[PDB]
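S.K.: Sharing a structure with you now.
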Amino acid sequence: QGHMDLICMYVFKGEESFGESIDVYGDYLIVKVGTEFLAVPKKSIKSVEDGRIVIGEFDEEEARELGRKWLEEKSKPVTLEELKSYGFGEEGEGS
């Protein structure tokens with residue numbers, strides 16, 4: 001059960017290459033794009049693929065500002081356990 005490439009799942013905005021999964025906090029997947037961190041909401045993530053994350057649509061400017069709000073709060077020492085998710089999405093590109 002689960003998927004491969006747990007080290008870094010490639011986040012695709014539908015079909016287009018959006019970014020890469022770097023961090024996960026609360027209800028936001030921190031996606032590293034270009035130079036900055038776009039924190040996409042879980043409602044955007046459609047399906048966890050085998051080493052990929054297909055997301056749909058989301059308010060980019062909002063995900064960007066609460067992304068840099070994460071750049072403020074990340075100053076706290078590493079005890080965030082909510083990042084550690086198994087990837088129970090047995091479905092995806094194949095089964």
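As shown in the structure tokens, the chain order sets the letters A, B, ...; within each chain, residues go from 1, and ligands are also counted from 1 in the order they appear.
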I'd like the neighbourhood of range 34-49 of chain A as number ranges by chain, where a residue qualifies if any of its atoms comes within 7 Å (using only C-alpha atoms), though same-chain residues fewer than 4 positions away should be ignored.
M.R.: A: 27-30, 53-58, 63-64, 66-67, 89, 92-93
S.K.: For the residues in that selection, give me N, CA and C atoms as a PDB file, in the first residue's frame.
M.R.:
ATOM      1  N   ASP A  27      -3.357  22.212   6.594  1.00  0.00           N
ATOM      2  CA  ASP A  27      -4.208  21.980   5.408  1.00  0.00           C
ATOM      3  C   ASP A  27      -3.531  22.498   4.122  1.00  0.00           C
ATOM      4  N   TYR A  28      -2.185  22.621   4.138  1.00  0.00           N
ATOM      5  CA  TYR A  28      -1.418  23.176   3.002  1.00  0.00           C
ATOM      6  C   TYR A  28      -0.200  22.299   2.667  1.00  0.00           C
ATOM      7  N   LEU A  29      -0.129  21.877   1.399  1.00  0.00           N
ATOM      8  CA  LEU A  29       1.060  21.262   0.809  1.00  0.00           C
ATOM      9  C   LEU A  29       1.989  22.386   0.311  1.00  0.00           C
ATOM     10  N   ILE A  30       3.129  22.576   0.994  1.00  0.00           N
ATOM     11  CA  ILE A  30       4.159  23.536   0.573  1.00  0.00           C
ATOM     12  C   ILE A  30       4.849  22.995  -0.693  1.00  0.00           C
ATOM     13  N   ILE A  53       2.040  14.480  -7.601  1.00  0.00           N
ATOM     14  CA  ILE A  53       0.832  15.076  -7.001  1.00  0.00           C
ATOM     15  C   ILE A  53       0.105  15.890  -8.081  1.00  0.00           C
ATOM     16  N   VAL A  54      -0.999  15.360  -8.626  1.00  0.00           N
ATOM     17  CA  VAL A  54      -1.874  16.150  -9.500  1.00  0.00           C
ATOM     18  C   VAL A  54      -2.755  17.040  -8.615  1.00  0.00           C
ATOM     19  N   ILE A  55      -2.585  18.361  -8.753  1.00  0.00           N
ATOM     20  CA  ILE A  55      -3.483  19.361  -8.163  1.00  0.00           C
ATOM     21  C   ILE A  55      -4.337  19.957  -9.289  1.00  0.00           C
ATOM     22  N   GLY A  56      -5.420  20.630  -8.921  1.00  0.00           N
ATOM     23  CA  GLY A  56      -6.331  21.226  -9.888  1.00  0.00           C
ATOM     24  C   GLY A  56      -6.135  22.721  -9.950  1.00  0.00           C
ATOM     25  N   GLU A  57      -7.101  23.459  -9.390  1.00  0.00           N
ATOM     26  CA  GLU A  57      -7.076  24.921  -9.327  1.00  0.00           C
ATOM     27  C   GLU A  57      -7.177  25.379  -7.867  1.00  0.00           C
ATOM     28  N   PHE A  58      -6.693  26.601  -7.623  1.00  0.00           N
ATOM     29  CA  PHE A  58      -6.589  27.210  -6.288  1.00  0.00           C
ATOM     30  C   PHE A  58      -6.295  28.713  -6.452  1.00  0.00           C
ATOM     31  N   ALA A  63      -2.423  31.394  -1.715  1.00  0.00           N
ATOM     32  CA  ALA A  63      -1.456  30.301  -1.432  1.00  0.00           C
ATOM     33  C   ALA A  63      -0.011  30.845  -1.303  1.00  0.00           C
ATOM     34  N   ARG A  64       0.235  31.956  -2.010  1.00  0.00           N
ATOM     35  CA  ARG A  64       1.522  32.660  -2.040  1.00  0.00           C
ATOM     36  C   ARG A  64       1.753  33.443  -0.727  1.00  0.00           C
ATOM     37  N   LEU A  66       0.088  33.134   2.311  1.00  0.00           N
ATOM     38  CA  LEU A  66       0.122  32.210   3.461  1.00  0.00           C
ATOM     39  C   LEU A  66       1.290  31.223   3.321  1.00  0.00           C
ATOM     40  N   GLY A  67       1.844  31.154   2.093  1.00  0.00           N
ATOM     41  CA  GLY A  67       3.125  30.513   1.843  1.00  0.00           C
ATOM     42  C   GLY A  67       4.275  31.269   2.507  1.00  0.00           C
ATOM     43  N   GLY A  89      -3.311   6.995  -0.291  1.00  0.00           N
ATOM     44  CA  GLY A  89      -3.967   7.041  -1.592  1.00  0.00           C
ATOM     45  C   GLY A  89      -3.527   5.884  -2.470  1.00  0.00           C
ATOM     46  N   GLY A  92      -4.786   6.143  -8.106  1.00  0.00           N
ATOM     47  CA  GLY A  92      -3.947   7.090  -8.828  1.00  0.00           C
ATOM     48  C   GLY A  92      -3.930   6.798 -10.319  1.00  0.00           C
ATOM     49  N   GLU A  93      -2.777   7.065 -10.955  1.00  0.00           N
ATOM     50  CA  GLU A  93      -2.509   6.755 -12.383  1.00  0.00           C
ATOM     51  C   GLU A  93      -2.683   5.252 -12.711  1.00  0.00           C
TER      52      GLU A  93
END
S.K.: How would you write, as a ChimeraX atom specification, the set of residues in chain A that DSSP gives as strand (DSSP E)?
M.R.: /A:10-13,16-25,28-33,36-41,45-49,52-55
S.K.: Hey, can you spit out that residue selection with N, CA and C atoms as a short mmCIF file (atom, residue, chain, number, x, y, z; two decimals), in the first residue's frame?
M.R.:
data_model
loop_
_atom_site.label_atom_id
_atom_site.label_comp_id
_atom_site.auth_asym_id
_atom_site.auth_seq_id
_atom_site.Cartn_x
_atom_site.Cartn_y
_atom_site.Cartn_z
N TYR A 10 6.41 15.03 -7.67
CA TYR A 10 6.35 16.14 -8.64
C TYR A 10 4.91 16.67 -8.76
N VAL A 11 4.69 17.90 -8.28
CA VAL A 11 3.37 18.53 -8.26
C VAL A 11 3.03 19.09 -9.66
N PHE A 12 2.05 18.48 -10.33
CA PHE A 12 1.53 18.94 -11.63
C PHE A 12 0.18 19.66 -11.44
N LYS A 13 0.09 20.91 -11.92
CA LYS A 13 -1.17 21.66 -11.98
C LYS A 13 -1.98 21.15 -13.19
N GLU A 16 0.25 20.53 -16.52
CA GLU A 16 1.48 21.37 -16.55
C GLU A 16 2.30 21.13 -15.27
N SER A 17 3.64 21.09 -15.42
CA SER A 17 4.56 20.93 -14.28
C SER A 17 4.55 22.21 -13.43
N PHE A 18 3.95 22.14 -12.23
CA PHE A 18 3.81 23.30 -11.33
C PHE A 18 5.08 23.47 -10.48
N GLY A 19 5.46 22.41 -9.75
CA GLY A 19 6.60 22.44 -8.84
C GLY A 19 6.89 21.08 -8.23
N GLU A 20 7.37 21.08 -6.97
CA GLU A 20 7.80 19.87 -6.25
C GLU A 20 7.37 19.93 -4.77
N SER A 21 7.01 18.77 -4.19
CA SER A 21 6.61 18.68 -2.77
C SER A 21 7.86 18.75 -1.87
N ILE A 22 7.99 19.84 -1.11
CA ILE A 22 9.15 20.09 -0.22
C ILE A 22 8.73 19.93 1.26
N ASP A 23 7.52 20.43 1.61
CA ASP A 23 7.02 20.43 3.01
C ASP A 23 5.48 20.29 3.02
N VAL A 24 4.91 19.88 4.18
CA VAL A 24 3.44 19.77 4.39
C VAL A 24 3.12 20.28 5.81
N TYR A 25 2.31 21.35 5.95
CA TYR A 25 1.88 21.84 7.28
C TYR A 25 0.35 22.09 7.26
N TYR A 28 -2.19 22.62 4.14
CA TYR A 28 -1.42 23.18 3.00
C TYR A 28 -0.20 22.30 2.67
N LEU A 29 -0.13 21.88 1.40
CA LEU A 29 1.06 21.26 0.81
C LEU A 29 1.99 22.39 0.31
N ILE A 30 3.13 22.58 0.99
CA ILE A 30 4.16 23.54 0.57
C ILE A 30 4.85 23.00 -0.69
N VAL A 31 4.54 23.63 -1.83
CA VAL A 31 5.13 23.31 -3.13
C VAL A 31 6.21 24.35 -3.47
N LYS A 32 7.45 23.88 -3.63
CA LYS A 32 8.58 24.72 -4.05
C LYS A 32 8.48 25.00 -5.56
N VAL A 33 8.24 26.28 -5.90
CA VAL A 33 8.11 26.75 -7.29
C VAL A 33 9.11 27.90 -7.54
N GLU A 36 10.32 30.61 -4.69
CA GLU A 36 9.42 30.78 -3.52
C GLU A 36 8.60 29.50 -3.25
N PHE A 37 7.76 29.55 -2.21
CA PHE A 37 6.97 28.40 -1.74
C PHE A 37 5.46 28.73 -1.83
N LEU A 38 4.77 28.07 -2.78
CA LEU A 38 3.30 28.17 -2.96
C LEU A 38 2.62 27.07 -2.14
N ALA A 39 2.00 27.47 -1.02
CA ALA A 39 1.30 26.54 -0.11
C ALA A 39 -0.12 26.27 -0.63
N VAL A 40 -0.26 25.20 -1.43
CA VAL A 40 -1.54 24.86 -2.07
C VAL A 40 -2.47 24.14 -1.06
N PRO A 41 -3.78 24.52 -0.97
CA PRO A 41 -4.76 23.84 -0.08
C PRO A 41 -5.01 22.37 -0.52
N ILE A 45 -5.36 19.40 -4.31
CA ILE A 45 -4.78 18.07 -4.61
C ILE A 45 -5.91 17.11 -5.02
N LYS A 46 -5.90 16.71 -6.30
CA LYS A 46 -6.88 15.80 -6.88
C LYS A 46 -6.56 14.35 -6.48
N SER A 47 -5.39 13.86 -6.92
CA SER A 47 -4.98 12.47 -6.71
C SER A 47 -3.46 12.40 -6.52
N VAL A 48 -3.03 11.66 -5.48
CA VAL A 48 -1.62 11.30 -5.29
C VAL A 48 -1.27 10.15 -6.25
N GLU A 49 -0.47 10.48 -7.26
CA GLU A 49 0.02 9.55 -8.28
C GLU A 49 1.30 8.86 -7.77
N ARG A 52 4.00 11.40 -7.98
CA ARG A 52 3.52 12.72 -8.44
C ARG A 52 2.31 13.17 -7.59
N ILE A 53 2.04 14.48 -7.60
CA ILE A 53 0.83 15.08 -7.00
C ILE A 53 0.11 15.89 -8.08
N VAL A 54 -1.00 15.36 -8.63
CA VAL A 54 -1.87 16.15 -9.50
C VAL A 54 -2.75 17.04 -8.62
N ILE A 55 -2.59 18.36 -8.75
CA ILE A 55 -3.48 19.36 -8.16
C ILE A 55 -4.34 19.96 -9.29
#
S.K.: Which of chain A counts as alpha helix (DSSP H) under DSSP, as number ranges by chain please?
M.R.: A: 60-73
S.K.: Could you write out that same residue set with N, CA and C atoms as a CSV table (one decimal), in the first residue's frame?
M.R.:
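Written output follows (result-v2.csv):
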chain,number,residue,atom,x,y,z
A,60,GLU,N,-4.0,31.3,-6.2
A,60,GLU,CA,-2.5,31.3,-6.2
A,60,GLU,C,-1.9,32.5,-5.4
A,61,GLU,N,-2.6,33.7,-5.4
A,61,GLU,CA,-2.1,34.8,-4.7
A,61,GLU,C,-2.3,34.6,-3.1
A,62,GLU,N,-3.4,33.9,-2.8
A,62,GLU,CA,-3.6,33.5,-1.4
A,62,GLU,C,-2.6,32.5,-0.9
A,63,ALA,N,-2.4,31.4,-1.7
A,63,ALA,CA,-1.5,30.3,-1.4
A,63,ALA,C,0.0,30.8,-1.3
A,64,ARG,N,0.2,32.0,-2.0
A,64,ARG,CA,1.5,32.7,-2.0
A,64,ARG,C,1.8,33.4,-0.7
A,65,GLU,N,0.7,34.2,-0.2
A,65,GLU,CA,0.8,35.0,0.9
A,65,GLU,C,0.9,34.2,2.2
A,66,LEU,N,0.1,33.1,2.3
A,66,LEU,CA,0.1,32.2,3.5
A,66,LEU,C,1.3,31.2,3.3
A,67,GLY,N,1.8,31.2,2.1
A,67,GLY,CA,3.1,30.5,1.8
A,67,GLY,C,4.3,31.3,2.5
A,68,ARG,N,4.3,32.6,2.3
A,68,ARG,CA,5.4,33.5,3.0
A,68,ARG,C,5.1,33.7,4.5
A,69,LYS,N,3.8,33.5,4.9
A,69,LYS,CA,3.4,33.5,6.3
A,69,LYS,C,4.0,32.2,6.9
A,70,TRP,N,4.1,31.1,6.1
A,70,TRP,CA,4.8,29.9,6.5
A,70,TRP,C,6.3,30.2,6.6
A,71,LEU,N,6.9,31.0,5.7
A,71,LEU,CA,8.3,31.4,5.7
A,71,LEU,C,8.6,32.2,7.0
A,72,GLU,N,7.6,32.8,7.7
A,72,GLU,CA,7.7,33.4,9.0
A,72,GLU,C,7.7,32.4,10.1
A,73,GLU,N,6.6,31.5,10.1
A,73,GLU,CA,6.4,30.6,11.2
A,73,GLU,C,7.4,29.4,11.3
S.K.: Which residues are near residue 51 in chain A? Cut-off 7 Å, only C-alpha atoms, ignore same chain within fewer than 2 positions. Put them as a count of residues only.
M.R.: 7
S.K.: May I ask for the distance between CA of residue 82 in chain A and CA of residue 26 in chain A, given in Å to one decimal place?
M.R.: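 Going from CA of residue 82 in chain A over to CA of residue 26 in chain A covers 6.7 Å.
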